[PDB]
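> sequence unknown, structure follows:
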């Protein structure tokens, strides 16, 4: 029996015979980039499959673009009746009907199926944390109920629990068929985190001490004659798998491409390194003149546009009140009011920054505006690597306005690296931000 072959990659790069070996190197994209993917499957001559299904799911920072799936066989588009497509927020399932199966079965030569589609890197992607998809091709001469893992976060305790059930080909409950081993995998970066095994007398296992902001997946090692149906995620910290006794070959599971966004942290200080609240900046693409970084209007929701306005107004008020205090009056508790308002603002900006463009006039509501908190902190996330320039548009109370822009470089580690000259948060032991120095004489 010749086996089918599969690969998944960016558009034009998939190759089932010779898959890329450096796929674990993420490609830098910015929030709003539409990323195009390609799944190529080779089916041997004289196949007689009862099921040929593809299941694709992705981590939460990639939004599957509904309506973008195209599927061809030997470069001929399938007809609507040839497949059933179901689309969910995190991906899709594409299942050949009998009309579609007829196009890949009983053929006198290898058939090439190509599925293309895109996803948009979204406002939930975290700087330097990659986003990935995961695909299975589930097939066999009997009907197959297998599909691809659904990544999930642990619960707030850092716990993730696997539960397995077993059914026969008809979906009727049956006793555990065999020991079942799974690799717990970091779904963002594709690294194995642990291996667990369920013995036949105990169908649950909990993994502890996981990162609550990381998505993971339990990937079942093939059990002879059983196919793995990963159930829809309903709650953090829980993953469920149903093993169907379909008596089919193990599914195909290609290696997965990765994308990642970059970022930069800053701290507003004076020449004595005192941290300063309420400095406002925009981002330009040159040291003079040039353009300013803005979110694209047609990609910010009504709710998002209003939250930026609301939170900016609360921040302006919180900064004005903090500024009316004497230095001795600027206590931990007073700084906290500013930091809370700034954090709500920063979160609204990150939510509203769904795509970027460069504009001529900095006097534009969509131009990204950064504001320093009472520890002087401000940051930008979701970016392409490159060279950028901060322009101060409003100095901290009592200082002169800066007369030059400040160049900074965004890189694969510009957000996280130490050695940058100041701690983003005082006392952290990591100097992972760049100082922006204000003066009374410019």
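Nice, thanks for sending it over. Numbering: from 1, shown residues only.

> use CA for all of it now, contacts and neighbours both
Noted.

> got the domain ranges for this structure?
Structural domains annotated on the chain: 1-150, 151-246, 261-295+356-442, 296-355, as defined by curated CATH domains.

> nearest to residue 252, of those?
domain 1-150 (5.0 Å; CA to CA).

> would JSON lines of the domains of the chain with distance to residue 255 and mean neighbour count be doable?
As requested, the domains of the chain are exported to JSON lines (distance: least, CA to CA, whole Å; neighbours: other CA atoms under 10 Å):
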{"stretch": "domain 1-150", "distance to residue 255": "7", "mean neighbour count": "19"}
{"stretch": "domain 151-246", "distance to residue 255": "9", "mean neighbour count": "18"}
{"stretch": "domain 261-295+356-442", "distance to residue 255": "21", "mean neighbour count": "19"}
{"stretch": "domain 296-355", "distance to residue 255": "28", "mean neighbour count": "17"}
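
> could you dump those to JSON lines with distance to residue 253?
Formatted as JSON lines, these follow (distance: least, CA to CA, whole Å):
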{"stretch": "domain 1-150", "distance to residue 253": "5"}
{"stretch": "domain 151-246", "distance to residue 253": "10"}
{"stretch": "domain 261-295+356-442", "distance to residue 253": "26"}
{"stretch": "domain 296-355", "distance to residue 253": "31"}
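
> might one say that residue 152 is in contact with residue 218?
No - look at residue 152 against residue 218 with CA atoms under 8 Å: they stay out of range, at 9.3 Å.

> so what's residue 157 up against?
Listed by CA atoms under 8 Å, 6 or more residues apart in numbering, the contact partners of residue 157 are 209, 212.

> do a quick rundown of the helices in the stretch 51-200 of the chain.
98-104 (DSSP state H, counting those that start in this stretch).

> residue 254 is nearest to which of the domains of the chain?
It's domain 1-150; of the domains of the chain, that one is closest to residue 254 (CA to CA) at 5.1 Å.

> give me the common contacts of residue 152 and residue 218.
Common contacts of residue 152 and residue 218, defined by CA under 8 Å, 6+ apart, comprise residue 239.

> and the strands in the stretch 101-250 of the chain?
Assigned by DSSP state E, counting those that start in this stretch, the strands in the stretch 101-250 of the chain fall at 111-121, 131-140, 160-168, 180-186, 191-198, 204-207, 216-220, 227-230, 238-245.

> ok, residue 85 touching residue 91?
No - the criterion here is CA under 8 Å, and residue 85 misses it with residue 91 at 10.6 Å.

> ok, the residue most central in space within the chain - contacts?
Central residue of the chain (CA atoms, centre = their mean): residue 61, 2.6 Å from the mean position. Contact analysis of residue 61 by CA under 8 Å, 6+ apart lists 121-126, 131.

> next: residue 271.
So residue 271 contacts 437-439 (CA under 8 Å, 6+ apart).

> cheers, nothing more for now.
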